[PDB]
Amino acid sequence: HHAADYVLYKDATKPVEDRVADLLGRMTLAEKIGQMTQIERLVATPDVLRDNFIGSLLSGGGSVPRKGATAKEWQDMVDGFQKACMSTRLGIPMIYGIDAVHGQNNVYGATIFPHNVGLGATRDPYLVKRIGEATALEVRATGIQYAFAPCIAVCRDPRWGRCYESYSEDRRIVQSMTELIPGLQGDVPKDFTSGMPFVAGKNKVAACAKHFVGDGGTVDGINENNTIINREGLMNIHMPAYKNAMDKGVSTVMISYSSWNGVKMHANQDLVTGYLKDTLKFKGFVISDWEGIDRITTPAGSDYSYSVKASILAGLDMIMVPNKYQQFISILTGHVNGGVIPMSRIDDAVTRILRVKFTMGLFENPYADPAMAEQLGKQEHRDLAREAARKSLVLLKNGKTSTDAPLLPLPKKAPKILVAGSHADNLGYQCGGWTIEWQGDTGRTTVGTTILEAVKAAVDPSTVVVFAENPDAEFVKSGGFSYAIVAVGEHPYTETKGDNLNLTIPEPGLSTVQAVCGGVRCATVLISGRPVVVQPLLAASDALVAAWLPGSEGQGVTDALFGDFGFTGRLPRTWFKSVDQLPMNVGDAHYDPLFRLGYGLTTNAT
Ligand SMILES: OC[C@H]1O[C@@H](S[C@H]2[C@H](O)[C@@H](O)[C@H](O[C@H]3[C@H](O)[C@@H](O)[C@H](S)O[C@@H]3CO)O[C@@H]2CO)[C@H](O)[C@@H](O)[C@@H]1O
């Protein structure tokens with residue numbers, strides 16, 4: 001179809017399957033194994049990418065071209081890597097992936113949305129779809145084509161350090177929030193076949209349903225550990241949202257570090273091939289987690305040859321190496337040359353990776369669009385995040401007795417008010433993990449509005465706002481305050497650092513709430529990724545709001561505190577009385593919550 005050097009795979013008018021087949025039939029083994037290899041930007045160079053025919057790059061958490069880098073700097077990085085891939089014999093574009101899990105969260109000046117637990121509180125799948133839409137734009141602002149989201153874990157024990165990444169303990173809520181996928185990727189057409197991958201084009205990103213499967217089921221919420229549950233319960237709790245993701249054309253699936261009844265997921269042929277591929281008919285590509293094949297063995301990394309064999313034979317398509325790429329390629333090449341891994345398995349992996357690349361338009365638009373840089377941090381997206389933050393808030397108490405005046409909503413005009421607590425003026429704490437750094441960080445780490453700044457923006461000009469991080473009781477009682485807003489809670493964490501058997505917030509937190517509430521009527525805003533021991537905070541407070549990890553737009557908190565909007569959020573998880581109850585979910589015999597799933601008080605807008 002027409003010039004003498006026509007190559008069908010380069011013809012954008014041709015069907016995806018024809019282009020895939022045409023390309024695959026041209027590739028050497030080294031080209032094929034290169035497609036299967038994802039490396040960290042930190043080990044990438046132009047020569048590395050060309051010589052090893054690399055298929056994909058990622059930024060792990062905190063892996064950035066420099067601190068404070070602009071959108072244009074990200075595009076220039078990504079395009080520099082792409083130029084090297086495009087210079088190979090076959091010119092196959094790389095796909096660049098990142099954890100854009102509550103916005104484009106590694107990037108300075110990106111809108112940071114509430115973490116998933118708060119989004120579960122909203123019970124609003126359309127809101128979540130819009131968040132997906134905005135997030136795709138902000139990822140494409142930085143030149144990135146692929147986001148490692150959504151996390152569709154159903155967290156069954158809040159002692160898990162990734163509980164905040166789960167929309168709920170109730171899989172129906174998780175299933176509903178799979179609407180993130182067509183936000184990020186675009187809506188699938190009416191005719192669509194479930195399990196096929198889909199991305200609408202260059203203003204959308206490939207998505208990733210993660211982590212397959214039972215990541216939120218692990219014993220004692222120990223991260224990466226064993227999920228002990230029969231097949232009926234795996235299928236009833238942990239699996240259903242994967243079906244919803246297939247119906248919405250999710251492009252990729254990332255495998256869990258966890259084990260199901262003692263078998264590592266990264267080595268689980270029955271589930272990865274037998275179930276996801278052969279029963280759900282998934283036709284996108286399956287990616288490992290970070291050194292996930294290494295962690296098949298104990299100790300991790302102790303037989304990388306076996307890790308390669310076991311994972312590829314299990315049915316993984318792309319391996320997030322992410323550093324030891326020479327070793328990886330060398331080992332897989334030797335297994336193929338030895339007949340230990342059949343070429344059919346290699347060709348299936350490559351078919352899937354190429355299918356996603358062609359489908360999304362990556363061959364037509366391999367490079368960044370500089371006109372998209374202005375999407376990063378856009379005020380429209382911030383307004384969305386502010387709506388989401390406000391809808392996520394769950395009002396747990398609004399008066400000490402049944403006869404007291406409701407504290408909330410607070411009046412915006414008062415002579416003098418106090419804002420206090422470790423979390424009142426700390427943007428990093430309000431965002432939590434996966435924000436700028438992998439683990440999150442403390443203080444003013446990006447562009448956003450703290451609780452204190454939001455109060456100052458909201459109140460009448462005649463209201464004097466005093467900030468004291470940790471005032472003593474006598475300071476509050478002598479201060480002449482009309483009321484206080486006190487914000488306290490968890491510090492940022494991710495993954496294993498967040499695994500926590502006591503679930504008691506750090507001090508000073510409770511001591512500050514007791515000092516403040518002791519001197520003036522107080523509204524306590526609890527910042528956490530999960531339920532935490534709360535009876536003492538409740539005892540001290542006139543009003544208490546569970547604000548989860550609301551992100552960069554702290555005006556979402558004050559929009560409810562001052563009554564511009566009513567409180568509508570409802571608990572997406574059970575709030576335990578004691579950590580000795582755990583795990584404790586609905587249907588259990590010992591179900592005795594402090595607050596049940598679905599609990600939340602309301603107010604009306606003033
Ligand atoms: O990010 C891609 C997928 O990765 C894991 S999280 C992953 C972080 O992205 C990464 O920065 C981090 O690196 C640490 C290594 O694990 C350690 O071996 C060394 S000692 O220290 C570095 C410090 O950064 O590793 C993390 C996993 O351990 C998630 O599970 C996926 O959801 C995510 O999409």
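Excluded from the calculations below are hydrogen atoms, water molecules and symmetry mates; all remaining heavy atoms, backbone and side chain alike, are included. FYI, the numbering just counts along the sequence from 1.
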Participant: What are the two closest non-hydrogen atoms of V253 and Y242, and how far apart are they?
Facilitator: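 So the minimum-distance heavy-atom pair works out to CG1-CE2, 4.0 Å.
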
Participant: For residues 578-593, which residue pairs qualify under salt bridge (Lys or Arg N to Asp or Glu O under 4.0 Å), counting only residues two or more places apart or in two chains?
Facilitator: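 Matches after skipping sequence neighbours: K577-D592.
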
Participant: Of the options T435, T111, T135, which is the one that meets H102 in a side chain to side chain donor-acceptor pair (under 3.5 Å)?
Facilitator: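 The single option meeting the side chain to side chain donor-acceptor pair (under 3.5 Å) with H102 is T435.
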
Participant: Listed by chain and number, what are the side-chain contact (heavy atoms from CB on, under 4.5 Å) partners of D564, not counting sequence neighbours?
Facilitator: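 For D564 the side-chain contact (heavy atoms from CB on, under 4.5 Å) partners, ignoring immediate neighbours, are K412, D559.
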
Participant: Do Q555 side-chain atoms and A454 backbone N/O form a donor-acceptor pair below 3.5 Å?
Facilitator: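 Side chain of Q555 to backbone of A454: no pair is present.
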
Participant: Over all heavy atoms of both residues, which pair between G440 and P492 is shortest? Give the atoms and the distance, please.
Facilitator: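 Looking at all heavy atoms of both residues, the shortest contact is CA-CB, 4.0 Å.
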
Participant: Using only heavy-atom distances, determine whether the side chains of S176 and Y167 contain a donor-acceptor pair under 3.5 Å.
Facilitator: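 No, no side-chain donor-acceptor pair sits under 3.5 Å.
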
Participant: Kindly compute the distance separating OG1 (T446) from CG (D441), expressed to the nearest 0.5 Å.
Facilitator: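 Between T446 OG1 and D441 CG, I get 11.5 Å after rounding to 0.5 Å.
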
Participant: Using the rule given for side-chain hydrogen bond (donor to acceptor under 3.5 Å, both in side chains), can you reason through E165 versus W160, listing the C-alpha separation, both sets of side-chain angles and the distance that settles it, and then say yes or no?
Facilitator: CA-CA 10 Å; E165 294 202 77; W160 192 32; over 6 Å; no

Participant: Tell me the disulfide bond (SG atoms under 2.5 Å apart) pairs involving residues 553-606, sequence neighbours left out?
Facilitator: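 Disulfide bond (SG atoms under 2.5 Å apart) check on residues 553-606 returns no pairs.
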
Participant: Given 3.5 Å as the limit, does a donor-acceptor pair link the side chain of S251 with the main chain of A206, or not?
Facilitator: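 Checking the backbone N and O of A206 against the side chain of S251, no donor-acceptor pair under 3.5 Å is found.
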
Participant: Hey, could you give me each pair passing side chain to side chain donor-acceptor pair (under 3.5 Å) that has a residue in residues 224-233? Not counting sequence neighbours.
Facilitator: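 Qualifying pairs: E224-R295.
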
Participant: Pair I417, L410 - check side-chain contact (heavy atoms from CB on, under 4.5 Å), show working.
Facilitator: CA-CA 11 Å; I417 67 171; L410 297 161; over 6 Å; no

Participant: Is any side-chain N of the basic residue among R123 and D170 closer than 4.0 Å to the acidic one's carboxylate O?
Facilitator: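 Salt bridge: no.
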
Participant: Kindly write out the residues that satisfy salt bridge (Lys or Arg N to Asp or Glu O under 4.0 Å) with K497, not counting sequence neighbours, or none if the list is empty.
Facilitator: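 Scan of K497 (salt bridge (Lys or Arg N to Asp or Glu O under 4.0 Å), adjacent residues dropped) gives none.
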
Participant: Quick one: sort the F595 and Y599 rings into parallel, tilted or perpendicular, breaks at 30° and 60°.
Facilitator: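 If you compare the ring of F595 with that of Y599, the planes turn out tilted.
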
Participant: Going by the rule side chain to side chain donor-acceptor pair (under 3.5 Å), which residues pair with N426 if we only count those two or more places apart in sequence or in a different chain?
Facilitator: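 Partners of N426 by the side chain to side chain donor-acceptor pair (under 3.5 Å) criterion, ordered by chain and then number, come out as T442.
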
Participant: Could you tell me how the ring of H491 sits relative to the ring of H423: parallel (under 30°), tilted (30 to 60°) or perpendicular (over 60°)?
Facilitator: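 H491 and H423: parallel rings.
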
Participant: Please check: side-chain N/O of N105 versus main-chain N/O of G103, any donor-acceptor pairing under 3.5 Å?
Facilitator: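 Answer holds: yes.
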
Participant: Is there a donor-acceptor pair closer than 3.5 Å between any side-chain N or O of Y164 and the backbone N or O of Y493?
Facilitator: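 Present.
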
Participant: For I255, does its backbone N or O pair with a side-chain atom of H266 as donor and acceptor, under 3.5 Å?
Facilitator: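 It does hold such a pair.
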
Participant: Tell me the salt bridge (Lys or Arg N to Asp or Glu O under 4.0 Å) pairs involving residues 430-440, sequence neighbours left out?
Facilitator: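 Every pair satisfying salt bridge (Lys or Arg N to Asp or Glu O under 4.0 Å) with a residue in residues 430-440: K67-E437.
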
Participant: Taking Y257 for the side chain and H211 for the main chain, is one N or O donor matched with an acceptor at less than 3.5 Å?
Facilitator: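 No.
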
Participant: Evaluate whether atom NZ of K378 has more than 12 neighbouring non-hydrogen atoms of other residues, nucleotides or ligands under 6.0 angstrom away.
Facilitator: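 Counting neighbours around NZ of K378, more than 12 heavy atoms of other residues, nucleotides or ligands fall under 6.0 Å, so yes.
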
Participant: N500 side chain to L503 main-chain N or O, any donor-acceptor pair under 3.5 Å?
Facilitator: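 Pair found, side chain donor or acceptor close to backbone of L503.
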
Participant: State which residues pass salt bridge (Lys or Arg N to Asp or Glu O under 4.0 Å) with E169; sequence neighbours excluded, sorted by chain then number.
Facilitator: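 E169 satisfies salt bridge (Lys or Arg N to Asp or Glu O under 4.0 Å) with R573 once adjacent residues are dropped.
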
Participant: Does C517 have any disulfide bond (SG atoms under 2.5 Å apart) partners at least two apart in sequence or in another chain, and if so, which?
Facilitator: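 For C517 the disulfide bond (SG atoms under 2.5 Å apart) partners, ignoring immediate neighbours, are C522.
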
Participant: Rounded to the nearest 0.5 Å, what's the gap from CG on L537 to CD on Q535? Could you check?
Facilitator: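 One finds 9.5 Å between CG of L537 and CD of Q535.
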
Participant: Identify, with sequence neighbours excluded, every residue that meets side chain to side chain donor-acceptor pair (under 3.5 Å) alongside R444.
Facilitator: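 Residues passing side chain to side chain donor-acceptor pair (under 3.5 Å) with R444: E453.
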
Participant: Going by the rule side chain to side chain donor-acceptor pair (under 3.5 Å), which residues pair with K397 if we only count those two or more places apart in sequence or in a different chain?
Facilitator: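 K397 satisfies side chain to side chain donor-acceptor pair (under 3.5 Å) with no residue once adjacent residues are dropped.
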
Participant: Would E553 and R390 pass as an ion pair if we require N to O under 4.0 Å?
Facilitator: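 A salt bridge is absent here (no side-chain N lies under 4.0 Å from a carboxylate O).
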
Participant: Might you work through the side-chain contact (heavy atoms from CB on, under 4.5 Å) test for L276 and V213, ending with a clear yes or no?
Facilitator: CA-CA 10 Å; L276 175 59; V213 59; over 6 Å; no

Participant: Report the C-alpha separation of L597 and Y591 in whole Å, then their side-chain angles, then the decisive distance to 0.1 Å, and conclude whether the side-chain contact (heavy atoms from CB on, under 4.5 Å) test is met.
Facilitator: CA-CA 11 Å; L597 180 120; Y591 200 62; 4.1 Å; yes

Participant: Can you name the side-chain contact (heavy atoms from CB on, under 4.5 Å) partners of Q175, sequence neighbours left out?
Facilitator: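 side-chain contact (heavy atoms from CB on, under 4.5 Å) check on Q175 returns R171, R172, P240, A241, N244.
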
Participant: Would you say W548's side chain and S392's backbone share a donor-acceptor pair under 3.5 angstrom?
Facilitator: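 Checking the backbone N and O of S392 against the side chain of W548, a donor-acceptor pair under 3.5 Å is found.
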
Participant: Between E490 and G529 (side chain of the first, backbone of the second, donor and acceptor by atom type, cut-off under 3.5 Å), is there such a pair?
Facilitator: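 Checked: pair present.
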
Participant: Using modelled atom types only, decide if a donor and an acceptor are shared between the side chain of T449 and the backbone of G554 within a distance under 3.5 Å.
Facilitator: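 Judged by distance alone, no pair lies under 3.5 Å.
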
Participant: Under 4.0 Å between a side-chain nitrogen and a carboxylate oxygen: does that hold for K210 and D215?
Facilitator: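 No, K210 and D215 are not salt-bridged.
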
